[PDB]
């Protein structure tokens, strides 16, 4: 569970790096809609990361990150993030996904159009 949190934080680190590039590429191509979406996903991964670094349990981190996202003015991403997160927690603690899978699907599933 603390090992799991560590895996997810590490997965989120590279994800944030990947998202930085996707934001660069999207911006260079003048694809604003795509850029914004990746920017929101960046904020989600970032907040999720710091919560886990703060020792917050994974189920609570998902819910608090969802609230963070809504307060930032992205309530639709936030609810998708929340609903998927709850689903991912279930699949995480019954062993059907890894920490990396959890991190990726948590951030990218709500990032869809």
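Residue numbers count along the first chain shown, from 1.
Margin query: Going by the mean C-alpha B-factor recorded in the entry, which is higher: 8-16 or 89-97?
Written below: Going by the record's values, the stretch with the higher mean is 89-97.
Next item on the list: Look up the CA B-factors in the entry and say which stretch, 38-46 or 23-31, has the higher mean.
Entry: The deposited B-factors put 23-31 ahead on the C-alpha mean.
Note to self: Maximum C-alpha temperature factor per the entry, among 76, 84, 64, 57, belongs to which one?
What the structure shows: Result of the comparison over 76, 84, 64, 57: 76.
Notebook entry, point to check: residue 111's Cα B-factor: lowest, middle or highest third of the chain?
Noted result: Its C-alpha B-factor, which the entry lists for residue 111, ranks in the middle third among residues of this chain.
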